[PDB]
Structure formats: C-alpha cells, structure tokens
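Presented below, as structure tokens, is a lone chain in the form deposited in one PDB entry.
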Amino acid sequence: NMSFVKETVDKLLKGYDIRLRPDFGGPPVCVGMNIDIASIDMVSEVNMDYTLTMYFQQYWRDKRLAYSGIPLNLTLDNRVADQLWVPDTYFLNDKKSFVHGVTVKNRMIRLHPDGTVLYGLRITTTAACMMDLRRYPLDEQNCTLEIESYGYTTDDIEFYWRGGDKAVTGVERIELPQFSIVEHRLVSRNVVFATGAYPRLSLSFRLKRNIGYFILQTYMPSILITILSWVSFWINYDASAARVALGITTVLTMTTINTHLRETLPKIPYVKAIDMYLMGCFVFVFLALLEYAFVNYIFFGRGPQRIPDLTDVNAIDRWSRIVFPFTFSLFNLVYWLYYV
C-alpha cells in the first residue's frame, strides 16, 4: 500500500517543472473556482472596505500529475503545493489579505488519478469597495471581489465558476449586524491591460443597510428635540428667559446630535440623507427660536409705536402651534417617501 503510494507520488515530482504551466506552449489551462464564504465582517465606511473570510478552491488539470493503479484521490500534505504549479490568482481590489496558518498553513492539495488538482486556501481578505453614501443610512452598497490571473493571459489561462451560479456558497448564512445581503452574483469576463488580456471572475454582493439602529440613535432623538422646541409656543411671551433657554438648548442639542454622527464617518464632501434630516430638524428648531424673537420684537420693538395677523403677539403663537407640527409632519412625509 504505502510503498506503492510513496513510489507513485515520488514519480510525479521527478522531472516536474514548476516554472511551466500545464500545457505550456499549447492550449490555455482551464481553472475553475468555488468560493465558500466563512464570514463577512468590518464593512467600514470609514475605510471604504469589507473583510471577507472564505474557502477559495481552484480546480485545474495537470497531465504531468496523472497516476494509475491507485483507486484513490490523493490528499497530500499541503507543503507539496510548493512543488507544484498553481494558478497565480490574485484579487485586484484586495487591500490586505493572508492565508491562515494555524495550526498549519490552511491549504489543501488533493490529486486525482487523471491529473486533476483541487487546491483550496482559507483566505481572509480586506477588499476595497467605494461606497456612495448620498442616501446614507438608507443606502444600498455593492461590494465586489475581482479575481484575476496576474501573469497569464487568456492565451495561457482561462477562469470559470465551477458549478455556475452554485460556485459561491454560504452567502445565505452571513450575518452582518448593519446590512442584509440582498443579492450576490457571479460575473466572468476578460480585462485588457497594456500587457495583455486577462481572465477575470467577479463576485459582487448587494448590501442593504439596516435602518433600525439609526432610528434609535439619530432619528428619534432629533424628532423629540424638534417636538420639544414647540413647547415654547405655549409658553407666555413674557417669559423671555424660558423661551430663549428652550430655544437655545434645542439648537445646541441638534449640533450635539450631529457631532456624534459626524465623528464615525469619512469626510465625504456631499450631503448624505442623514444630513438632510438633521439639517431639516435644525431649520425647524432654529425657526422656532426665531419665532420668539419675532414675537418679542413685535411686542416690544414695535408695540410702543402701535397667515398670522403679524400685529397680535398671541396670534403668531397660535399660528406657530399649528404650522410647526404640520410642516414637520409634511417634512417627514416627504423625506421618508423619497428615501424608503
């Protein structure tokens, strides 16, 4: 048994040239790929990337490795991969990645009698995706993973998804705390550079951000502060200290709400959907404070000289008691219909 297997495996590597791909100087070698996704984590808008753990299996035929007389698929110790040709697959958008190495290098080489090689790697890769945050936190991102051959063109190597649409598994078991993976899809194409045309496999996910976290942390605190700025409409116009303190505090609170949200995001130059709401709530609490200044100026600035009446101080307060809750509801009605 083991004498024959050891004799056979030694025979395969004797005279093997790792510098030459299978069918070197001939037809392209076809490499099929399966990805089993272990997890997705650290989807960072700050860093514009996501971290992916996966089992990255590659399949190809090397007729130099065909063996006979052994009705077995030979799973060899993974160090034999240093003695064999393997595809020079790389991830174009991969910022940082490693093959896990405990307790050994998380790598698998399985030979088959006809010369087929199954080569699996356990890889954690931090791949870059640039996120369009104009609809944040109601945004829907699309993060990919480009898979390409570095030095071998379509004349030397061909990529395909093994199993077609079933080539990637484990997507339905991924739990992202902030997202739900709406869809994933698989793309095969060629990419042209100045050095040749290279086969590319593309795996992309569509992440829809969950909104429940931002209701509790940003939207409900803003609505309650905006509502509490309307309390000044029922306070007597004489109580200037009370209404200014109520007015100033809500304007201050809106900034404090915005700063907490501001500090956990990149410095994108455009206005996000969350900024539109916070700016909207700021306008409402600012106008409420300006409403008392108008009430104060009408009574004291113009009183001695002697649509709301604009001369009756209590008429302006009665008008504001209706318009501000109505308009804010109208603002929330428009904002949520546009973004949900």
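Residue numbers here begin at 1 and follow the sequence given. Rigid core: the largest C-alpha set superposing within 1.5 Å between the two forms.
There is another form of the same protein, the form deposited in another entry; it is not shown, and what comes next is about it.
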Which is the one residue in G120, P221, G196, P113 whose C-alpha moves 2 Å or more between this form and the one not shown, relative to the superposed rigid core? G196
Taking the rigid core as reference, does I268 move its C-alpha 2 Å or further between this form and the one not shown? yes
By 3 Å or more, the Cα spacing of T264 and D132 differs in the other form; is it closer or farther than in this view? farther
